[PDB]
Amino acid sequence: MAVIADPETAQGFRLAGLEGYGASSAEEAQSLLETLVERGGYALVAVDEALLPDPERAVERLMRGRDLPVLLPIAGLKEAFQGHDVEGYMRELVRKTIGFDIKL
Amino acid sequence: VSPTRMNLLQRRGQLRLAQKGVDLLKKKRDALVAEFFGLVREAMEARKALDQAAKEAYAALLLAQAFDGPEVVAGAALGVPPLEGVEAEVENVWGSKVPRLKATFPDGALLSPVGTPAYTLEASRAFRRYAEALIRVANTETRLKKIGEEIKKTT
Amino acid sequence: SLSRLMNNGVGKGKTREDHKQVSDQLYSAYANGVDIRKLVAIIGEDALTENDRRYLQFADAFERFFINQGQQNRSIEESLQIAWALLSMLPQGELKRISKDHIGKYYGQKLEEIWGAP
Amino acid sequence: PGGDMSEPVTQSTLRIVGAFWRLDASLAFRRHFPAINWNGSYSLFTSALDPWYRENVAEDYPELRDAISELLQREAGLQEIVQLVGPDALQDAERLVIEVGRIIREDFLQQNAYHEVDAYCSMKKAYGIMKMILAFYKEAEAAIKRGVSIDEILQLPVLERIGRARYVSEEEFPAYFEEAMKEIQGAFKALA
Amino acid sequence: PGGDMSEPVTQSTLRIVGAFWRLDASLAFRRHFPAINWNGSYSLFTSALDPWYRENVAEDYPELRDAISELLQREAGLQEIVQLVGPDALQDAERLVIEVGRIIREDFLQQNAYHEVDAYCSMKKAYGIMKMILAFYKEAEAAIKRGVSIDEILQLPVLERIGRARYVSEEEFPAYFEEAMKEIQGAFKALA
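Chains as they are written, first to last, in UniProt numbering: chain Y, 1 to 104; chain H, 4 to 158; chain U, 357 to 474; chain G, 387 to 578; chain V, 387 to 578.
Structure, rendered in structure tokens:
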């Protein structure tokens with residue numbers, strides 16, 4: 001599987017066997033992500049939230065054709081150690097899926 | 004449609020069929036709602052476990068950078084191959100088929116696995132546990148999203 | 357089906373005192389069973405809980421033994437015994453329509469004796 | 387006389403007849419003769435004729451007839467759900483019941499009155515066809531319990547063997563029945 | 387006969403009557419009696435009877451009645467949400483109004499005619515019950531906005547006073563009403 005993240009953790013990704021790339025702007029993140037979508041290989045791409053909060057919104061026209069690629073957003077290296085509540089992400093997820101806001 | 008008594012009986016039978024179908028679809032939606040709530044609780048738990056594993060893996064990686072040095076880590080990372088134990092499978096959920104991901108990365112796949120750079124080996128350990136939590140999160144969340152779209156179709 | 361004057365006929369000093377609650381419980385349980393039976397064909401048996409499966413099996417056994425009696429003559433005691441045997445398939449305390457006194461007095465008889473010759 | 391079954395002639399006839407074979411225009415449109423409406427038809431002579439069937443046809447013949455009627459009723463029950471959600475939402479057991487009902491409708495009930503062989507059918511030939519269909523259904527349900535998907539079951543060559551058992555002649559039939567039963571046993575034993 | 391309210395006799399009757407107490411079977415199955423559908427019923431005599439109410443019962447009776455009807459109206463506007471998710475899953479304020487509506491229904495709207503004391507009730511007793519329930523709801527909403535004891539309110543000793551007034555005598559009623567008011571004050575103002 002591939003993962004777009006900060007350059008610091010890219011060496012650790014390469015050590016663990018993960019395909020890591022280092023980038024800091026949304027433009028290159030989206031272009032590289034759709035390049036990973038079109039290219040043959042692993043179908044899973046992991047995204048740091050600092051570059052692209054919703055990768056499905058980036059590939060929404062490639063997602064309408066095929067739903068086999070898998071995308072996963074996660075906190076970046078700086079956001080990881082300072083931390084946050086993941087339950088806000090859960091509330092946003094359920095509010096997106098149903099269209100309804102409940103169970104804070 | 005020509006008005007006859009037989010046609011009237013057939014239309015009333017159709018009306019009863021439609022009402023019974025509406026009730027049955029409501030019951031199905033209720034069951035899907037219960038499954039959705041259970042799955043979203045599981046997904047939240049998996050997400051926070053993944054966050055904790057990611058934090059400690061990054062801490063171990065930074066310590067390995069501090070001790071073993073960038074060149075030794077790069078020499079270790081060059082030898083170790085990328086993910087090759089990949090398996091893709093499909094799973095059924097309420098009549099819909101969804102894909103799942105599988106990873107099997109062992110110690111035998113590594114190149115020079117002896118941990119003389121000990122902190123690099125610790126980083127590899129924590130990254131393996133990180134990968135376990137990550138694949139769990141991926142599967143649970145994609146199942147949750149498919150359940151949500153099923154509920155929308157039923158509504 | 358419906359009988360308007362059933363309330364006057366049954367009671368104490370005539371038939372048995374547990375008649376009305378037994379009839380009410382049988383009605384409610386059979387309705388739940390047939391609803392679950394229609395639901396299973398879509399969602400499948402494994403998607404059910406345990407108690408919905410209990411209701412489904414109660415509905416099937418209720419039809420097969422209570423309704424399909426053939427050319428036999430049953431007294432009121434035999435009918436009430438079969439009805440109490442079928443209610444024993446449901447767990448005690450799920451019978452919300454019956455007082456606890458009659459549940460203590462009558463619950464627990466095995467169905468299999470009636471299964472031998474219903 | 388005018389349009390339909392509510393005219394007084396049909397209603398007056400309904401109360402003094404022991405059998406009532408209702409025909410359907412929709413089945414005759416698609417050339418599915420004899421086009422007897424199975425849901426709106428009945429008979430009252432079954433119980434009286436039951437002792438004769440046990441002696442002259444076979445001892446278990448009424449049980450086979452009851453099983454066939456139960457299968458047709460089960461198929462008629464599930465068709466309401468099919469209009470509601472579609473055939474894809476049904477589980478494998480109900481899909482098997484639907485397919486077996488289609489098999490019965492296409493093979494057993496249909497009869498061509500202008501064919502050279504199919505115009506007449508004796509009692510024992512009908513009993514053999516019913517036995518074959520019920521044996522196939524039992525084997526299919528058992529294979530469903532063993533984890534076989536329904537789609538690969540319908541690809542079996544024994545399906546064509548059953549569907550063309552109508553056109554076998556009367557005296558050629560027992561050998562065909564023996565061969566079909568042996569093939570029915572053989573096919574499902576190697577599947578799982 | 388068919389349950390149609392569009393039947394000619396019912397439709398001709400509805401054009402001339404001044405009140406309309408529509409019943410329904412669903413409330414009868416659940417044994418909530420009387421089975422008056424408060425969403426389908428109406429009355430055209432309220433406005434003219436308003437001066438009599440404030441001249442002989444209490445000056446605040448019509449506004450209290452309007453508040454009760456409004457709180458009943460709010461509960462029916464949330465049923466569509468409850469038809470999607472469980473009642474406990476909603477917000478604590480919506481849960482509060484749902485529990486207040488349930489209390490109002492099960493306690494106030496029920497009257498058994500096969501009972502010695504559940505078949506009759508005077509005007510003053512009902513007015514006191516409505517006043518107590520409305521005050522309890524207002525104080526509970528104030529406590530919810532305070533931000534404490536969102537579930538302890540549903541276990542206060544006021545629950546005995548509210549349910550008890552259904553069986554209080556007409557002579558002992560004012561003492562019960564005063565004691566319930568001071569109990570509400572002491573429980574809501576001083577517990578937390």
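Idealized CB from N, CA, C, for every residue including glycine.
Could you run through the segment 455 to 479 of chain V and flag, in chain order, every residue whose CB is less than 7 Å away from some CB of chain H?
Answer in chain order: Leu470, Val471.
Looking at chain H, which residues of the segment 72 to 95 of chain Y have a Cβ within less than 8 Å of any of its Cβ atoms?
Cβ contacts with chain H: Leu72, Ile74, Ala75, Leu77, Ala80, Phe81, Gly83, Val86, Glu87, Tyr89, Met90, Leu93, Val94.
Please report the straight-line C-alpha distance between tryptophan 471 of chain U and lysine 456 of chain U, rounded to a whole angstrom.
A direct Cα-to-Cα measurement between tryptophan 471 of chain U and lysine 456 of chain U gives close to 27 Å.
Nearest CA to the CA of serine 508 of chain G: which residue from G:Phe559, G:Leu577, G:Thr396, G:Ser455?
Looking at the Cα atoms, G:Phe559 is the closest of the given residues.
Identified DSSP bridge partners for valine 70 of chain Y
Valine 70 of chain Y pairs with Y:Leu44.
Helix, strand or coil at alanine 26 of chain Y [DSSP, three-state]:
The answer is helix: DSSP assigns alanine 26 of chain Y an H, G or I state.
Residues of chain H with CB under 9 Å from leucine 395 of chain U, in chain order?
Going along chain H in sequence order, the residues near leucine 395 of chain U (Cβ under 9 Å) are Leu27, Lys30, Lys31, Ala34.
Just tell me which of H:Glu92, H:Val83, H:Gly41, H:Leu124 has its CA closest to the CA of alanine 43 of chain Y.
The candidate whose alpha carbon is nearest that of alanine 43 of chain Y is H:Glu92.
DSSP on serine 429 of chain G, reduced to helix/strand/coil?
Collapsing the DSSP output to three states places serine 429 of chain G in a strand.
Name, please, each residue of chain G whose Cβ falls closer than 9 Å to the Cβ of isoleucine 423 of chain U.
Below the 9 Å Cβ cutoff, chain G contributes no neighbours of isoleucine 423 of chain U, its closest Cβ being approximately 16 Å away.
Run down chain G in chain order and give the residues with a C-beta less than 8 Å from the C-beta of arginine 8 of chain H.
At a C-beta separation below 8 Å, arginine 8 of chain H has these neighbours in chain G: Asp390, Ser392.
Coarse secondary structure for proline 109 of chain H, derived from DSSP in three states
The three-state reading of DSSP puts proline 109 of chain H in coil, since its state is none of H, G, I, E or B.
With 16 as the cutoff for other CB atoms within 10 Å, does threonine 119 of chain H come out buried or exposed?
Counting C-beta atoms within 10 angstroms of its own C-beta, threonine 119 of chain H has fewer than 16 neighbours from the protein chains shown and is therefore classed as exposed.
Sort out for me which residues DSSP pairs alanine 405 of chain V with in a bridge.
Paired residues: V:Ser429.
Determine, for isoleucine 470 of chain U, whether the minimum Cβ-Cβ distance to residues of chain H falls below 8 Å.
Put simply, the CB of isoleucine 470 of chain U is far from chain H, with every gap to its CB atoms at 8 Å or more.
For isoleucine 422 of chain G, the nearest candidate out of G:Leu430, G:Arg408, G:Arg416 (CA to CA):
For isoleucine 422 of chain G, the nearest C-alpha among the options comes from G:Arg408.
Just reading off the alpha helix (DSSP H) that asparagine 10 of chain H is part of, what are its end residues?
Segment 8 to 71, the alpha helix (DSSP H) holding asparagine 10 of chain H.
Proximity winner among H:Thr145, H:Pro73, H:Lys149, relative to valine 70 of chain Y (alpha-carbon distances):
Considering only H:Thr145, H:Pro73, H:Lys149, the residue with the shortest C-alpha distance to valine 70 of chain Y is H:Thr145.
Outcome for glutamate 538 of chain G when other beta-carbon atoms lying within 10 angstroms are tallied against a minimum of 16
A residue is called buried once 16 or more other Cβ atoms fall within 10 Å of its Cβ, and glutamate 538 of chain G, having fewer, is exposed.
Quick one, which residues of the segment 379 to 413 of chain U are near chain H if we go by CB-CB under 7 Å, in chain order?
So the list reads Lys394, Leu395, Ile398, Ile399, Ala403, given in the order they occur along the chain.
Just reading off the alpha helix (DSSP H) that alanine 512 of chain V is part of, what are its end residues?
Taken as a continuous stretch (DSSP letters only), the alpha helix (DSSP H) holding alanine 512 of chain V covers 509 to 532.
List the residues of chain Y that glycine 151 of chain H touches, going by C-beta distances under 7 Å, in chain order.
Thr97, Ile98, listed in chain order.
Measure the beta-carbon distance from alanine 56 of chain H to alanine 136 of chain H and round it to whole angstroms, keeping in mind my assumption that it falls under 8 Å.
Right, the Cβ-Cβ distance comes to about 4 Å (below 8 Å), so this counts as a contact.
Assumed close pair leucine 18 of chain Y, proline 102 of chain H - CB separation to whole angstroms, cut-off 8 Å:
With a contact defined as Cβ atoms closer than 8 Å, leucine 18 of chain Y and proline 102 of chain H miss out at about 19 Å.
Specify whether the segment 22 to 37 of chain H and the segment 81 to 90 of chain H touch according to this definition: at least 3 beta carbon pairs, one from each stretch, less than 8 Å apart.
Short answer: they don't touch.
Can you tell me whether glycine 426 of chain G is buried or exposed, with buried defined as 16 or more other CB within 10 angstroms of its CB?
So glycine 426 of chain G ends up on the exposed side.
Taking Cβ positions, are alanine 415 of chain U and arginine 430 of chain U nearer each other than 8 Å?
When the beta-carbon positions are compared, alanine 415 of chain U and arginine 430 of chain U stay at least 8 Å from each other.
Complete runs of the alpha helix (DSSP H) confined to the segment 437 to 474 of chain U [at least 4 residues]
The qualifying runs are 456 to 462, 468 to 472.
What does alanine 121 of chain H touch in chain Y if you count any residue whose Cβ is under 7 Å from its own?
Under the 7 Å cutoff, chain Y gives no residues; its nearest Cβ is about 14 Å from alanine 121 of chain H.
Simplified DSSP state of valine 3 of chain Y, which is helix, strand or coil
Reduced to three states, the DSSP call for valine 3 of chain Y is strand.
Spatial neighbours of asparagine 407 of chain U within its chain, please: C-beta separation below 6 Å, excluding the five flanking residues on both sides.
Hits under 6 Å: none found.
Kindly indicate the opening and closing residues of the alpha helix (DSSP H) around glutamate 449 of chain G.
If you look at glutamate 449 of chain G, you'll find it in the alpha helix (DSSP H) that goes 447 to 471.
Give a yes or no on contact between the segment 439 to 449 of chain U and the segment 371 to 382 of chain U, applying the rule of three or more CB pairs nearer than 8 Å.
Taking a cut-off of 8 Å on C-beta distances, the segment 439 to 449 of chain U touches the segment 371 to 382 of chain U, as three or more cross pairs fall below it.
How do the segment 30 to 45 of chain Y and the segment 57 to 65 of chain Y stand: do at least 3 beta-carbon pairs fall below 8 Å, yes or no?
Yes, the segment 30 to 45 of chain Y is in contact with the segment 57 to 65 of chain Y.
Grab me the residues of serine 444 of chain U's own chain with a C-beta within less than 8 Å of its C-beta, minus the 5 sequence neighbours each way, in chain order.
Cβ within range, chain order: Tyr463, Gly464, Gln465, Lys466, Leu467.
How long is the line joining the alpha carbons of residue 378 of chain V and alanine 573 of chain V, rounded to whole angstroms?
Since the first and last residues shown for chain V are 387 and 578, residue 378 of chain V lies out of range.
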